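In: Sequence first, structure after, both from an experimental entry:
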Amino acid sequence: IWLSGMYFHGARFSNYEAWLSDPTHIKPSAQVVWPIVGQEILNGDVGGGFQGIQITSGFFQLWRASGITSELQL
Amino acid sequence: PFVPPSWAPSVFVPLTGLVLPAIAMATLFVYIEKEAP
Amino acid sequence: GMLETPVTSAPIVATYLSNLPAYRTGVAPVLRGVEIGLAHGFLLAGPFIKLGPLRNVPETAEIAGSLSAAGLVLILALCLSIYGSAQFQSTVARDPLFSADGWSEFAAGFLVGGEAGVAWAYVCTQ
Amino acid sequence: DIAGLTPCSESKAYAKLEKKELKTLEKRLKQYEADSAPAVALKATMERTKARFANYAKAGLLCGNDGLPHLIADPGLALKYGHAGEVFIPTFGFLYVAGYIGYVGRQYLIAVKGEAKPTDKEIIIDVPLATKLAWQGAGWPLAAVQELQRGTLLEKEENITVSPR
Amino acid sequence: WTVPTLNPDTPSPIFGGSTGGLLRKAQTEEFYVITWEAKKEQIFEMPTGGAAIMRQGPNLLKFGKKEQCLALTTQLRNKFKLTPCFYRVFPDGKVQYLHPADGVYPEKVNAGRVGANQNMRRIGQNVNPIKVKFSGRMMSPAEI
Amino acid sequence: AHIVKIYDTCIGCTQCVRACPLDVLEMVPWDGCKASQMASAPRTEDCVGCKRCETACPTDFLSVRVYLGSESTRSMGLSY
Amino acid sequence: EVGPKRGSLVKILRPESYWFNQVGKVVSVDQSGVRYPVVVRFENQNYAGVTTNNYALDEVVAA
Amino acid sequence: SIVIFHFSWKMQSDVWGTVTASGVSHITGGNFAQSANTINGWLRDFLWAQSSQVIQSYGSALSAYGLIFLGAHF
Amino acid sequence: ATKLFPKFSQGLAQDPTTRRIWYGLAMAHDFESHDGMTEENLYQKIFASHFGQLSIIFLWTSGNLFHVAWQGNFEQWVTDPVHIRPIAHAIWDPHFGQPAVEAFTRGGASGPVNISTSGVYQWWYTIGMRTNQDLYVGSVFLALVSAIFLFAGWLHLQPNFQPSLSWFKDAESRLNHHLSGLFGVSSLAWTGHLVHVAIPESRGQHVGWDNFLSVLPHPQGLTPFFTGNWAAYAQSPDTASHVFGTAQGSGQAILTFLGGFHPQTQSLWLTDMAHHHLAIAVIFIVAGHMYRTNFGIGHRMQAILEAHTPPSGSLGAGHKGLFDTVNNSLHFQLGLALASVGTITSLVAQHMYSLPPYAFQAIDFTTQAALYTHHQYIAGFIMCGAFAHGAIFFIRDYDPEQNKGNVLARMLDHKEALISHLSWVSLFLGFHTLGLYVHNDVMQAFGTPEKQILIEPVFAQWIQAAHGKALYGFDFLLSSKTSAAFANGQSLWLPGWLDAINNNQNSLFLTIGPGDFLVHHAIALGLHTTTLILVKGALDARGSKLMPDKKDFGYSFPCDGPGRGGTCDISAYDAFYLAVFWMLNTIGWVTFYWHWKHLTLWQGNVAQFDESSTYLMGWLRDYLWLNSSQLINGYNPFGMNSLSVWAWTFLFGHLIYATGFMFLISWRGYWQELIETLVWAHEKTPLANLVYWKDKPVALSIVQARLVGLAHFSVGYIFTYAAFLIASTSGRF
Amino acid sequence: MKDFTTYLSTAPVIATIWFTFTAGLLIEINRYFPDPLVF
C-alpha cells in the first residue's frame, strides 16, 4: 500500500515528467499541500512550473533508472 | 604593607595545588581505612 | 568449579610469573622493591622525555622528562606507603612482604630503585 | 489609544508589512506564467492576504510599534473601547463549549455507573446513550446551576477516600 | 529428627567449570555448601551459569552466597521434586546448618517454632517518629 | 541488618514465606486467624531487602514490612 | 449472628486501608474470637490487584 | 548520531561542492581537516554554522522543517 | 572489622563496602541521625557549626579584599570607572602557552589577570574605599574577625562554656536582641559610616581613622539633632553637576530623600541611603522591645498565638499549640528561615538591577547580569531547601496529638484540594502558554506575523502608569498632574523618581509588551509547578494511598519495591529531587528573559526583543544562536583570545550536564552486575591480585545515584549559563 | 453485524471518528472563513 501510494503520488502530484527533461535544475517533488490556514507556503517553487515539497526519497532517480518516462506507467 | 613577594604565586600555587592536596588525601585515606580497636 | 584454560595453566607462563620478583616468596622486600622500582623507572622516563611540553627544545627535553619521571616515582612511592599503612593493620609459608614492616620496606626500596632507574635512563640517552 | 497603541487602520508599520507580504508573493509569482496552477494559487494567496489585512483593520484592532495587532484582555477597556470581540466573547464561547463537553462526559459516567459492568461501557462506548446525552447537553449551564443549588453536584466528604494523613 | 552433619567427601555433580564460581570471600570470610539426593542422573541449570549433571545419589555443591543455594533448592524442589539442604562453612572448618532449620520447610507450620519479630498490632497503630526521636540511633516506630 | 516485622493482620496464607529468596520468614502456630498460623522472621540477618514478601502479601495494608537498615555483606547480597 | 449480615454493604473505617470510606459487600463473618472476622469484597481492586480484605467488627459500619 | 554527523561534515567539506574554472569549491570550504579534531570545532563549525539554514527558514518553503526542528527539541 | 570512620554512625562503620565512605560524607551534618544524640548536644553542635560558617564567610570576604588590593587595579579604576575593567586576581598557570599569556594580560596589569564580574569594585568605591591600603586593612580586620569566630566555635564546645537547652529556647530574648541589636544597631552603625565616611569621601574629603574624630559630618555639628530641627540635615544637597569623588558640585546635606538616581553614577544618592538606614534602624530598634523577657512588660508569643483563633471556627483551633511545634522543631524554623531568605534574595536581585545602589554599576553590563543571575539561582536553591525542610518537619517533628485542630492539622486535612488546585493552575498555564507560543511560531513560519496572538499586559502597564510612567497614557495617581498622591510628594521625592522612571535608558520599570506578558506567564507556570511538586511532597511525606506508612521509613529512602504496581520515587526526598529540575528550568526562564531584554536595551534596539520574544524561534535564534558566536570563537584553529576560558567552561558545563544524564537514566542493577564482573577480573589477574581493596566495590545506591546525577545536572547547568552570559555580555560590550 | 457495530463502538474507533469529524469541522470553518482572529 505504501509503495502504491508513492507511485500514485509520483504519477498525480509530482513533476517527474518535467524533471526528466531537466534533472540537473528541477528539484524533485511529489507532495502538494492544500491551501488551508496559510500552509500553502510549503508548496515551494521546485521548478518545471510546479509547486510542492522537495522530496528526498530518491524515487525520481529510481524511476529514471527503470526507464519510466510517463505518469501513466507510475 | 602586606604585599607578598613577586615569587609568591610560583610557590603557593604549586603548594596548594599539589603538595597540600597530596598530604590531605593521604592523611584522609589513612584515616578512612583505619580499623577500630 | 573454576574454569581452566591453557592460558592460565601453561607451565611456561607459570614459570615466567614465578621468576618475577613479586612472586619470589623468600627474598627481602626491600630488594624486591629496588628491582621493581628500577624496572619501572627505566620505562617511565621515556614518555615524559619524548612527549612532554618541552620535547622539541634541545638539551632540556631529557632533563624535564627525567624530572617528571622522578616526580611520578615519588608519587607512586607515597601511594605504596599509604597502601601499606591502610592494608596491614592487624593479624606454603606466609610472605613477609604482606605485612606493615614488609610493605614499608618494599615502598622505600621502590622509591630508591625508581629514582636510580630514572637517573640511569637519563644518562643512558647521553 | 489603550497602552499608547494606535489603530491598525492608521499604523504605518501595518501597511508596510502588508506591502512587504504582497511584494514577496508578487516576486514569487513573477517567475511563473499567467494562466497556470502556481499563478492562480499565488493570486489566491495574495487576495487572501489583502482580505485578511482589510478585515483586521476593519475590526478595529490596535497595532503596536511593530505593526502587528494587539489584543485587550481587560473587560473594562474592551467594553469601553469596542474590543470585546478579542478577549471576552471568545472567553464565554470557550466556557460554553468546554462546560458542554465536561457536562456530557459527567452525565455519561453517571449514567453508566449504575450498570452491571461500567468499565465495559467505558472502553466500548454506548453510541445511542452518548448521542442522546450529547444532544441533551445544550442546556448544560442551567442544568449545572440547578444541580449545584440542589446539592447533588458534589459528593459528601464521608464518601470520598483519603490518605491516613 | 536430628541436625545433619556435613560430609566433605561427597561427590559433586558433573560440571566442566565456570567463571561464576567462588571468589576470595570463600577463603577469607565464608561460603555455602548444598547437598541433596537424586534418584537418577539428570541435567540441571547451575545458578552461577551453565548446565551440570547431578549424579545418582548424594550431590554436593559450593556457592558464594545463601541466595544461590536457596535458588538451587527451589529449582530442585519444584522441578525434580527433591529435598536439598545447605550449610554455611567458615574457613576455620565450622559448619552451620541453615535450611530447613528445624528439618521441616518454613512454608508449612511446624511445632516448636517460636515466633520472632511479631508485632501484636497493625501498621496503622504505629506511633509517630517524634515519639522515637533522640533514641540511641536511627530507629523506626515499628521497631518498638 | 534490615528490619522485618510481622503484624497481627496476617491471615497465615504462607505466600510471603514461599516468596522469600533467602529463607528469612517461616510459619509458627497461632490462634488469631482461621489458618491458625502466623508469619515469623527469625533469620533477619540473612535478609537482603528485596521486598518480595511485601509483594506476595494479600492483606490491606501489608502484614509484613521490610525497613532497610544497616548494610553488611549478607544484606548487600555480595558473593565476594 | 455477631457482625453484619452476609451480603450487606458496609463502609470501611480502617485509615491505612485502600478502601477507606468506600462501600464493600460482606462475604462472611467468622464466629470465633478472631481479630478481623468480617470479610469484605470490593468492586475496585487496590494497587496490588486484590479485591477482598478482612476487617474487625468496629472497623466496618453499615452504610 | 556521531556517524551521520561525520558523514555530513565530511561530504560537505571534502566531496560535495561546485566546479569552477581550474578549481573546485566545496560547501564548507574544506574545514573538516582543520576543525574536526576538537569538540569546539564540531559545536561551532558544524552544529552552530550549519544550523543557520533551519533557524532562518521561517517565511519560506522550508519553514516546516524549522517548526519540526523546534518540535523535536520539545 | 569495624572502621573508625564514620565515628557518628556505628551501623555505617560496620559496612564493608565503599558505600560507607559515601554515606559517612553525606550524613555528617545530619546530627539528628547520629548515635547517642540528645537535644542539648544537638543545639550545641549547631551553635559550633554556625560559628564555623561565619568564620568561613569572613575569611572568604577577607580573601577577596586581599586579592583586589594585591593583584587588582582599584587605584586606577577609581580614576576612570567607565573605561577601565576591574581585575579580580592574577593568573599563575604553568599550562598557559605564550598566546594565552598575552591574551589574558589586559586591564593595565603586568601579567595575565581575571576581569572581575562580582561588582565589589563599585560597592567598595561607593562605601568609601579609595586606595589599596584601605582594602588591605579591611582584609586584615576581616581575617581577625574570622579567627575570633572560629575560636568562639571551638570555645562553645568545651565544658563551662556549653549553653544549656533552656538558653537555646529563649525565643523572646533572641527575637528582641536580633530585632534591636543585630538589625537595628547594625543599621544605625552603617548609617554612622555612610554619614561619617561614604558621604564625605564622595565629596572629595578623605575621612579615615586618623581624622574622623576631628572632621564634622555636618557643619552644624549635632545641634539640629538634639534641638529637633532635623530638616537642617536635608539642606543643601548634591546638585545635578556633582562629580563623584570630587568637591565640584557637592553639597552639605547628610540625610535626604531626593529619590531617583545620581546624574553621573546612575545610582542611588548616598544621603538617601544613609537616611534609609537611619529610618529602618529606628524602626528595628523600636520593634526590638515587643517581647517579654525579664521586666514584666512585653509579649509572650504563646499568648499571641493562642489568642488568634476566629470565632466562627473557620480555622478550627486556630494557632493553639503552634508555639510548641515551632520552638521544639528545628526543621520548622529552618524552613521558615529559608523561605524568607529565598524571597529576600529574589527581592535583592530585582531591586539591585532596577535601582542600582553602587556608583557606575549600571554601565557595567556584565556585573549587572552576573549579579542578577547569581542571586536568582541562589534564591531558587534556597526556596527548594525551605520546602524540603518543611517535608522533613512533617516526617520527623510533626505531632498530630499536639497540633489537634489547629491550622497545621487542617492543612493536611485538605491536602488533596491543594495539590489538585496546584495541578489545575499548572496545567492551565502550561497548556495556554505553550499553545500561544506554538501558534505564534506557526504564524511566523507561514509568513503571517500579523496573525499571531499578542495579548497586551494592561494590568502591569496599569501598575507602571500608577508609578508615574506616562508612556501608556492612563494618566492616574502619579501619572496625573492633578492627583492628591502626586501633589503630596512633589516637594519630597516625586521629582527625582519621576525623572528616573520616565527615562527609557535605565532599568527602572522597563517598557513591556506582549512578549513580556507571555514570558511572565511562563514564569508563573514554573513557579506554580515547582510549588506543586514541593507542596505535594511535603503533604504526602507522612503517607498516601500507595504508602500509608511512609512516615515510618524516614524522609529519604530508596523506594518500597516493585510491589503494588511499583513505588519508584515515592519518598519526599524524591519530590524535592524532581522539583530541583523545575527550579532550574524556572530560573533559566527568568534569567533568559532578563538577559535578552537587557541585551536588547544595552544594544540600543529594544524592537528586536519586542518583535522576537513572541515566538520560541526568535528566542532560539536571535538570543541563543546570535549571542553565542563570540563565545564559541574563544579558541579556533587560527588562534585564541581572552574569551577562550569561557568557551572551555561552556563545553565543561555541557560535559558535566551530559555526565549527569548517565546517573539520571541508567540505574543501579546494571552497574552492580558490571562491578561484579570487574571484581572477578581483578581477583583472577596475576601481578595485580597481590593488591586488594579495603572496601568491597559496590554500585552507588539509588538515593546516592539521584543525588550525584542532580549535582552534575545543576553544576553543568550553572557553569554553562554563567560562561555564556559572561562571554556574551563582555564581548558585546 | 451486531459484533461489527460493537467493534466500531470501541474507544479507538470512536475516538478516530470523533476526532476526524471535529478536525473536518474546524478545517471547513477555516476554509470558508479564512484567517479568523477576532469575533
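Out: Right, received. Where do you want to start? Numbering: from 1, shown residues only, chains lettered A, B, ... in the order given.
In: Report the central residue of chain J.
Out: Central residue of chain J (CA atoms, centre = their mean): residue J:21, 1.7 Å from the mean position.
In: Name the helix or strand for that one, please.
Out: Using DSSP states H and E, residue J:21 sits in helix J:11-32.
In: would you put the C-alpha positions of that helix in CSV?
Out: Taking Å, rounded to 0.1, in the frame of the first residue of the first chain, the C-alpha atoms of helix J:11-32 are listed here in CSV:
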residue,chain,number,x,y,z
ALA,J,11,-12.7,3.6,22.3
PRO,J,12,-10.1,3.9,19.5
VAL,J,13,-12.6,3.7,16.6
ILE,J,14,-14.9,6.1,18.3
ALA,J,15,-12.0,8.5,19.1
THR,J,16,-10.8,8.3,15.5
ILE,J,17,-14.3,9.1,14.0
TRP,J,18,-14.9,11.8,16.5
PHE,J,19,-11.6,13.5,16.0
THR,J,20,-11.9,13.2,12.2
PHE,J,21,-15.3,14.9,12.5
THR,J,22,-14.1,17.7,14.8
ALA,J,23,-11.0,18.3,12.7
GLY,J,24,-13.0,18.3,9.5
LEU,J,25,-15.5,20.8,11.0
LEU,J,26,-12.6,23.1,12.1
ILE,J,27,-10.9,22.8,8.8
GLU,J,28,-14.1,23.6,6.8
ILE,J,29,-14.8,26.6,9.1
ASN,J,30,-11.3,27.9,8.5
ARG,J,31,-11.7,27.2,4.8
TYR,J,32,-15.0,29.2,4.3
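In: quick one: contacts for residue I:42?
Out: Counting by CB atoms under 8 Å, 6 or more residues apart in numbering or on different chains, residue I:42 makes contact with I:31, I:32, I:330. Where you see a C-beta, it was placed from the backbone N, CA and C, and this is true even at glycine.
In: Next: residue D:73.
Out: Going by CB under 8 Å, 6+ apart, residue D:73 touches D:86, D:87, I:455, I:456, I:458.
In: likewise residue I:59?
Out: Applying CB under 8 Å, 6+ apart to residue I:59 gives the contacts I:142, I:143, I:146.
In: Any of these buried? List them.
Out: Among those, the ones that count as buried by 16 or more other CB atoms under 10 Å in any protein chain shown are I:142, I:143, I:146.
In: ok so, going back, so which of the contacts of residue D:73 is the most crowded?
Out: With neighbours taken as other CB atoms under 10 Å in any protein chain shown, the top of these is residue I:456, carrying 27 neighbours.
In: That one and residue D:1 touch, don't they?
Out: No - assessed by CB atoms under 8 Å, residue I:456 is found out of contact with residue D:1, at 10.9 Å.
In: In space, what's closest to the residue of chain A most remote from its centre - neighbours in sequence excluded?
Out: Distance from the centre of chain A peaks at residue A:37, with 23.1 Å (CA atoms, centre = their mean). Closest residue to residue A:37 apart from its sequence neighbours, by CB to CB, 6 or more residues apart in numbering or on different chains: residue J:30 at 5.5 Å.
In: quick one: the one you found from residue D:48, how far?
Out: Plainly put, residue J:30 is 12 Å away from residue D:48 if you go by CB to CB, to the nearest Å.
In: Which one of the two is surrounded by more residues?
Out: Between residue J:30 and residue D:48, counted using other CB under 10 Å, residue D:48 has the larger neighbour count: 17 against 14.
In: for the more buried one, helix, strand, or coil?
Out: Secondary structure assignment for residue D:48 (DSSP: H, G, I helix; E, B strand; the rest coil): helix.
In: list the helices and strands the helix or strand hosting residue I:705 packs on?
Out: Per DSSP H and E: residue I:705 is located in helix I:702-732. The contact analysis (3 or more CB pairs under 8 Å, 6 or more residues apart in numbering or on different chains; DSSP states H and E) places helix I:702-732 against helix I:19-26, helix I:365-396, helix I:572-602, helix I:629-632, helix I:644-665.
In: contacts for stretch I:337-348?
Out: For stretch I:337-348, contacts defined as CB under 8 Å, 6+ apart pick out I:375, I:376, I:378, I:379, I:380, I:382, I:383, I:385, I:386, I:387, I:389.
In: Now do the residue lying closest to the third one once chain neighbours are set aside: how many residues are near it, please.
Out: With CB to CB, 6+ apart as the criterion, residue I:378 has its nearest non-adjacent residue at 5.5 Å, and that residue is residue I:345. Taking other CB under 10 Å as the criterion, the count of residues near residue I:345 is 20.
In: ok, back up a step: which residues are common contacts for residue I:456 and residue D:1?
Out: Residues touching both residue I:456 and residue D:1 by CB under 8 Å, 6+ apart: residue D:62.
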